[PDB]
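Working notes for the structure below.
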Amino acid sequence: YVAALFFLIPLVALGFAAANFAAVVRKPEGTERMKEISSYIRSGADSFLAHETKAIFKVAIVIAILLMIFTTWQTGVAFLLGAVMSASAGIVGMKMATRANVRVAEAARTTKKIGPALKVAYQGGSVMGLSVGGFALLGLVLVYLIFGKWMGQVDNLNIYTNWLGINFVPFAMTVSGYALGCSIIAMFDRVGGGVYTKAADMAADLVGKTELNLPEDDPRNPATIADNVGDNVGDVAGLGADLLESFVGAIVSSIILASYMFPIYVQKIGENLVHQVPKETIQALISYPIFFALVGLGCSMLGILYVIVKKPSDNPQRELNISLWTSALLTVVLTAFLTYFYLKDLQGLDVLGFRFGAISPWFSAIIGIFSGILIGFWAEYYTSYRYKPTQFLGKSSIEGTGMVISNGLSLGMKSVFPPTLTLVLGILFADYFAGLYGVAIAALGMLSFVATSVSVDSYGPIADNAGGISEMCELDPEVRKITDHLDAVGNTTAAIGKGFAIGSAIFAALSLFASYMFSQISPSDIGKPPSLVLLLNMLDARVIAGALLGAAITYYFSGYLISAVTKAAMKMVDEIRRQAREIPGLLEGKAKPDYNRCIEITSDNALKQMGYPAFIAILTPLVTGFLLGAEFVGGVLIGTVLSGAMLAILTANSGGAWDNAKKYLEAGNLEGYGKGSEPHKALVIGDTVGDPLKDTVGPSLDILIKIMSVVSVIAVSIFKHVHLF
Amino acid sequence: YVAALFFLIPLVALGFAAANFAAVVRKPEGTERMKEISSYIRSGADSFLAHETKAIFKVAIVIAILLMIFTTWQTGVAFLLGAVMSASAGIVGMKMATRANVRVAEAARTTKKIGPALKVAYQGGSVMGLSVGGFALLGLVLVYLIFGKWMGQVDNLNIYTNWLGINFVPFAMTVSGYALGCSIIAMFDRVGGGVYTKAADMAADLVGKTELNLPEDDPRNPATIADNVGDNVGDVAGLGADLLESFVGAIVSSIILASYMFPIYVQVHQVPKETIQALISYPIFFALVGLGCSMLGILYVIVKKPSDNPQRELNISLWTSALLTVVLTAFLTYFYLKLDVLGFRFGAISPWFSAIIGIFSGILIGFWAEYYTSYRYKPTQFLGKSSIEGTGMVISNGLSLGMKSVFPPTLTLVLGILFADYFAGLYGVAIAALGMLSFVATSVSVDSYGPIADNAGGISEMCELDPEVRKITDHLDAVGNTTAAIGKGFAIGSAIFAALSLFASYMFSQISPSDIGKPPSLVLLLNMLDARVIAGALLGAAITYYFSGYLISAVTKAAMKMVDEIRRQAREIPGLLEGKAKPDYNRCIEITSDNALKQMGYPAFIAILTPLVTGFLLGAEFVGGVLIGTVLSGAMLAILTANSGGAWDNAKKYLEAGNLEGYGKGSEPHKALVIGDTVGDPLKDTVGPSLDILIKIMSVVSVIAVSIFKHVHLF
Ligand SMILES: NC1=[SH]c2cc(CNC(=O)c3cc4ccccc4[nH]3)ccc2N1
Ligand SMILES: NC1=[SH]c2cc(CNC(=O)c3cc4ccccc4[nH]3)ccc2N1
Ligand SMILES: [K+]
Ligand SMILES: [K+]
Ligand SMILES: [Mg+2]
Ligand SMILES: [Mg+2]
Ligand SMILES: [Mg+2]
Ligand SMILES: [Mg+2]
Ligand SMILES: [Mg+2]
Ligand SMILES: [Mg+2]
Ligand SMILES: [Mg+2]
Ligand SMILES: [Mg+2]
Ligand SMILES: [Mg+2]
Ligand SMILES: [Mg+2]
Ligand code: NA
Ligand code: NA
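Residue numbers (the entry's author numbering), protein chains in the order written: chain A, 2 to 726; chain B, 2 to 268, 275 to 345, 350 to 726.
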C-alpha cells in the first residue's frame, strides 16, 4: 500500500546521495599542487578512518556477541546493523568530502565568486546528510520489517523473561540493540576523530600563529596537513555518526515507549488482566515515528534539491537557512497530514498521553522543530560575528589573552540559558500535548529534517579544507576570503547542529527515563497502575546521590577528553618547534617539512584514547546498578542529562564564538590591529582553548547521555534485585 | 544547669579572637615604607568595606521589613541579627588582617625563617576564625533563647498559616529568617569583594607581568595596592561571611527539619514533644562543642613549637580539632540524648555517626584539595611542566585538571550522603552537613591564614626586601591557597548536605493544617518523572551557569578598564617604568570600587527572586526541580573552579620557586602560567564561593515561601 511507498524513501535518499557524489566528482579539480594536497589529506583521512573502523568493528563484534549471549539474538543483530549503518554514513561522508574539498577550492578560485563554491560545498554536505538520513531510516525500517513484521515482534509485544532472568519486550529489546550499536559506533568515531583533529589543530594553530609567526595553514607548518586530515576525519565522519545516532535515538525512544505501553497499561480484576488499550493503537503508534522520519527525509530531499538547483547567492547563510526553512515547512505540513490520517480512528489514545486526539503527537513534533529552530537562532546570535556577543569578545581581545578566555567562558555560560529555556518550554508543552510519547515524538521532530541539518552542518568542513588547500598551494587572497566567509557560516551551522543534537538528546533522555522506569516491571506484578510505576522519588537519598555522581561522571568524561587532546597537542607542538629549529630553510621556504610526524602522532593518540570513553559509557550504568540498585542509576541518568546538556550547550556556543571572533579579526575588521598583531595572538590562544571543548566534549556529551540511558534501560531488570546494597 | 555554660561559648570565642588580635598588634611591624604601605592598604580596605556595609545593611533593613510584612516579625528580627553577625565577623577578620599583614612580613624578614611569619599569620587566621564561630553561635543561641526559650516558640511546634497564605512553624520561620539574613549578607559581601579583588588582580598581573615585564605586586604597577586592598576586602570579609553563612545554614537546616518533623509525623503525634525539642537544641550544642574543639586545636597549634613546613602545622591543627570534636560530640550525644519512628536506626548514637561522616568527608576533601592544588604533587607539577608548551596548553590542562578533580570529592559526598541516610535519615544527613563544619573555627582560621600571607608578600615585594623574605612569603602563600581550596571544599560539601536536608524541610512545609494527617511517607515525595520537575531541573542548571557567567562578566568589565588605565599610565607618565615617577593607585581603587558596588546587588536579588517567580509560575514541582538542578550544577561548578584556580595559582608559584628546569620568571612559560592564573582568578574568587551561598539562600527562600504558590500557582 502506502507503507511500501514510505519505506522506499531511504533508498531514494541514498541514491540521491550517490548521484550528488557522481556529480561532484565529475566537477573539475584544481591545479597539480591542488591535486597533490588533496591526495595527501585524502590518504591521511582514509588511513586513519580505516584503522578506526577496524578497531571499532572488532569491539562491535565483541559487544554483539555479548548482547546475543545475555539477551535475544535479535538484539545483537540489530546492534550490528546499527553499527554498520553509522560507520557507513561516516565513511561515505568522509569519502565524499575528501574529494569535494578541492572541487570547492577550484570553483571559488576560477569563478572568483561565492556562489559556485557554496553550491559545490552544499552538494557535498547534501551527499553526507542524505547518506545519514537514508542509512538511519533504512536500518530502522529493515529492523521493523524483519524483527518487527517477518518475525512478528510487533504482533505479540509481550513481557517475556530470558534465561538470565532479564525481563524484556521483543521488539523493544531489538530496537534497543539497534540504537545501542548506532550510538556506540558513533561514540567511537566521534571520540577518535575529535581527539585527532583537535590535537592537530591546537598544536598547529598555537605554535605557528603565536610563536613562529606564520599564516593560518601555511605549508611551512608541518601540522597543516594533519589538521585538514582531522577536519575530514573528526569533523565529518564523526559528525555524521553523531547525527545519525541522534536521529535513530529519538525514533527508537518513541518506538520503545510505544511498545512498552501495551503490556503495562492493564487492569488486574480478580487475577484477570484486562488490556486498557487495543493492540492496533500501539502498532499504529509504533509505525508512526518511522513514517514521520520518512516524510521528514523526503522533505529534506526536496529542500536540498531546491537549494542545489536554485541560482547561487553571495550570502551563503541565506541559502542554508532557505534550505532549512523549506524542509521544515514541508515536513510540518506533510506530517500534519500523516498524523491526521494514519492515526485517524484508533480508540485508545485517551488512555495514554494524547489529550487532543490523533493530532496530539503532531503538535509535540512541531514543538521539537520550533524548539530546534529557536536553539539554531540562538546559536547564530552567540556564534556569528555579526552580532553583539561575538563582536564584544573580539573587542575584548584588545585587553589581553586572559580577557579573551574569561569573556569566552562567560559568553558560553550565559548562552547556556536561552536554549535551555527553549528546551524547558518544549518539554512542558510536549507533555501537556501528548505525555511522554509526545515528548519522544518532539525529540524526533526536532530532527525530522535531520538530512537538511546534517547537510548544512557538513557544508562547513568542505569550505575549511578548501581554504587550507588554497593556503598550501599559495592561491589568490580572494579564494582565502571566500573560504573564510564559508567557514564562518560553517561554524554557525555547526553550533546550530550541536544545539539540535543536545536538545533531541534531552527530549529522548526524558522519554528513556520513562521507558527505564517501565522496564523495571516484572511479570509477577504486571498490573499496578503506570501512575505508580513512573515514579523516581528525588527525596530518596540514593537517587540524589546518583544525580551527584552522574554530574561528576559527566564532568570527568569531559576532563578526560580534554586531557587526551592536550597530550597529543603538546607532543605536536614540541615536534613542530623541533622541525622549525632543526630543518634548514624550512621557515625561509626553501625546504619541505615532514607532515608525517604530526600525522602519526595524532593517529596514535586518537587510536589509543578512542576506546576508554565508549567503554565507560557502556559500563557506568551496570556497575552503578550492581552496586546500589536502580534508584541510584536513575539519579545518575538525571545528573548525566543535566550536566551533559549544560556543558554541551556551553562548549558549543563558546567554541563557535571564539572561532568566529578569530575569523573576524583575521578579516581585518578589528580597527588598527591586523592578522599578526598581539590581539590576533590572544584570539588564537582563545580559539585553541575553544577547539577541544567545541569539537570533542560537546558532541560526545549527548552520545554519552543516550548510550548510558539505553544501557540502563536494557539492563535494569538485573540489578533491580541483584544489587549489593 | 549546664545549659548556661554552653550558651557562654561563643562569647569566649569572641574574647579569644580579641586577645589574639591584641597579641598580634603587640608584635613589632616593619620599617617606615612597610608602615606607609600597610596604612594605605588598610585605609582602602576600610573605605570599601564601609561603603559595602552601608549599602548591604540598607538592603538588609529593607529585606527585614519585607519579611516582617509577609511573615512573622520574628523572621525579620532574626534576619537583621544574622546580617549583623555575619557582617561583624567579616569586618573583624578584615580589620585584623589589614594590621597583621605587615607584622607577618616584618617577622619573616627579620627572622629569615618560616616559623615566625607562619605563627603570626596563623594568629590572624585564628582571630578571624574565632570571630566567625563566636558570632555565628552567639547570634544563633540568642535567637534560640529569646524566640525559642523566652517566648517559647519551641514549645508549640504547630503548623500555622499567616494572613498571606503561608504555612509555617514559629521557630522554623525564626531560624529561617536568621539563616536567610546571614546568607544574603554573605552573598552581598562575597560578590562585591570578589569582583573588586579579582578585577584588580587580573588587571595588575596581566598588564604588569605580560606586557610591562614587572614583578608580581611591583610598586610601579598602579594596581598592586588595589590588588592587596582586594585581597583584604573580598578574600577576608567575604570569606568570613561565607563560612559563617554555611555554618549557620547547616545548623538552621537541622533545626527547621527537627521542628517540622513533629506535627507531620502523626497517626496522635508519632513523636513526643520533648524528643523534638531535644533534637532542635541538639545542633546548637553540637556547634558549641565544635567551636570549643576548634579553640583547643588553635591554642595547641599557636603554642606548639613552630615548624618550617606550615602545611604540617595546619594539618596538625585540623586533625587535633577534628578528633577533639569527634570525641566530645560522642560524649554529648551519648549523655544529652540519653527516635525509631523517624530516622535514627541505631538509637541515640545514630546522629553522631552521621556527623563523623561529615568530618571525615571534610577531612577527605581536604586531602584531595591538597592533592590537586599543592605543587608538591603530580597534577600541579604536570601543569607547571605543560606551561612549557604554550598558554593554550596551560588553559586546556587546567580545565581538564579541574573537571577531573570534580570526581573524588563528588564520590566522597555521595558515600557520605548514603551512609548518613542509612544511619539516621534526613536528620542525620543534616547533622553530617553541620559536623563537616563542626570545627568551623579552625577551618576559618587556617583559611584566613592565607590572605594575611599574600598581603605580607605584597608589602615585602613593594618595599624591595631580601629575597629570603619573598621565599618565605611565597611558601606561606602556596600553603594558604591550598587551605583556601580546602575551605571552599568544606563549604560546598556542607552546602550539598544542608541543601538535601532543606529539600526535605521544603517537601514538609507544603503541608497545610487542612491535610495535616497524610502519612509522612507520602509527603516526602518529589517525583522526578514529572515533566515539570525535570524542566525545572534543566532551568536551574541553566540559571546557575548564567549566574556564573554574569559574575565573570562583571569581573572582566573592571579588569579591562584597569588594564587600559595601566597601559595609559605607562605611556603618558614620564619615568614610571624607569622608576622616576609615582603611579596613581587611587585611580584603580576607585575603578574597582565603583564596578564592584554597581555589580554587587544583582546576584543576591536573583538568588532571592528565582524561587518566588518559578513557583508562582509553575507550582511547587517546578521549584523543586529548579532547586535540584541548581544544587547539582552548583556543586560541580564550585568544586571545579576551586580546584582549577588553586592548581593554576600554585603552578605559577611552583614556576616562581625555580623548580622548573631552565625557565625563569621572564620566559614564555611564566607568561603562559600568568595568563592561566589571570583566567583562574575570577572563577576561583567569585563564582565558586557565591555558588553555595546561592544554593542555600534559594533553598531557604523556597522552604519559607512554597506554602503560597504550592496551590496559588498559575498553571
Ligand atoms: N471513552 C472511553 S472510556 C474508556 C475506558 C478505558 C479503560 N479503563 C478506565 O478508563 C478506568 C477509569 C478508572 C477510574 C477509577 C478506577 C478505575 C478506572 N479504570 C479505556 C478507554 C476508554 N475510552
Ligand atoms: N470506566 C470504567 S472505571 C472502572 C473501574 C473498575 C474496577 N477497578 C479497576 O478496573 C482497576 C484496577 C487497576 C490496577 C492498576 C491500574 C489501573 C487499574 N484499574 C473496572 C472497570 C471500570 N470502567
Ligand atoms: K568546524
Ligand atoms: K587568596
Ligand atoms: Mg584553527
Ligand atoms: Mg580545522
Ligand atoms: Mg583550517
Ligand atoms: Mg571554524
Ligand atoms: Mg580551530
Ligand atoms: Mg595574581
Ligand atoms: Mg593576592
Ligand atoms: Mg598578592
Ligand atoms: Mg595567591
Ligand atoms: Mg590571583
Ligand atoms: Na546525540
Ligand atoms: Na556557603
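Backbone N, C-alpha and C define an ideal beta-carbon position, used for all residues, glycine too.
Buried or exposed (CB count within 10 angstroms, at least 16 for buried), residue i
i                 : result
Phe169 of chain B : buried
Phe338 of chain B : exposed
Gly299 of chain B : buried
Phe342 of chain B : exposed
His722 of chain A : exposed
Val425 of chain B : buried
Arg27 of chain B  : exposed
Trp659 of chain A : buried
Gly193 of chain A : buried
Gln124 of chain B : buried
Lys59 of chain A  : exposed
Option nearest residue i by Cα separation, candidates the options
i                 : options                                : result
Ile57 of chain B  : B:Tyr41, B:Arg34, B:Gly83              : B:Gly83
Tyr665 of chain B : B:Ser411, B:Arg387, B:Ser260           : B:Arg387
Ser471 of chain B : B:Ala607, B:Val103, B:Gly116           : B:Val103
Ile715 of chain B : B:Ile442, B:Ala553, B:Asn492, B:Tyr261 : B:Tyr261
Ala615 of chain A : A:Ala18, A:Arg191, A:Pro390, A:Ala553  : A:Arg191
Residue i: CB within 7 Å of a non-hydrogen atom of ligand 11
i                 : result
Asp458 of chain B : no
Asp232 of chain B : yes
Residue i Cβ short of 7 Å to ligand 15 heavy atom set
i                 : result
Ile600 of chain A : no
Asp243 of chain A : yes
Contact set for residue i: own chain, Cβ-Cβ below 7 Å, skip 5 residues either direction
i                 : result
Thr453 of chain A : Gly130, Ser301, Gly304, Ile305, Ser324, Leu325, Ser328
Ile503 of chain B : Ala646, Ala649, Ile650, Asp703
Close beta carbons around residue i, own chain, < 8 Å, minus the five adjacent residues each side
i                 : result
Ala592 of chain B : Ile584, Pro585, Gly586
beta-carbon residue i near ligand 10 non-hydrogen atom, thresh 7 Å
i                 : result
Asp595 of chain B : no
Residue i beta carbon near ligand 13 (any heavy atom closer than 7 Å)
i                 : result
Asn102 of chain B : no
beta-carbon residue i near ligand 2 non-hydrogen atom, thresh 7 Å
i                 : result
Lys311 of chain A : no
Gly91 of chain B  : no
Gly528 of chain A : yes
Residue i Cβ short of 7 Å to ligand 6 heavy atom set
i                 : result
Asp688 of chain A : no
Proximity test, residue i beta-carbon vs ligand 1 heavy atom, cut-off 7 Å
i                 : result
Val267 of chain A : no
Cβ neighbours of residue i in the same chain (closer than 6 Å, five flanking residues each side left out)
i                 : result
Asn654 of chain B : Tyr383, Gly413, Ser416
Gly469 of chain A : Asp218, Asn229
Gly250 of chain A : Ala180, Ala509, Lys707
Closer than 7 Å: residue i CB and nearest ligand 16 heavy atom
i                 : result
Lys695 of chain B : no
Residue i CB to nearest heavy atom of ligand 9 below 7 Å
i                 : result
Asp485 of chain A : no
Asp219 of chain A : no
Check: residue i C-beta below 7 Å from any heavy atom of ligand 4
i                 : result
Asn229 of chain B : no
Residue i CB to nearest heavy atom of ligand 3 below 7 Å
i                 : result
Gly560 of chain A : no
Residue i beta carbon near ligand 14 (any heavy atom closer than 7 Å)
i                 : result
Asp660 of chain B : yes
Cβ-heavy atom distance, residue i to ligand 7, below 7 Å
i                 : result
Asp465 of chain A : yes
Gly469 of chain A : yes
inquiry  = Run the Cβ filter for me: residues under 5 Å from any heavy atom of ligand 10, listed in the order they occur in the chain.
reply    = Residues lining ligand 10 by the Cβ criterion, that is a Cβ closer than 5 Å to any of its heavy atoms, are B:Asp202, B:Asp206 in chain order.
message = Taking 6 Å as the limit, name every residue whose beta carbon sits nearer than that to some heavy atom of ligand 1, in sequence order.
response = What you get when you keep residues with a C-beta closer than 6 Å to any heavy atom of ligand 1 is A:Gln277, A:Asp351, A:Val352.
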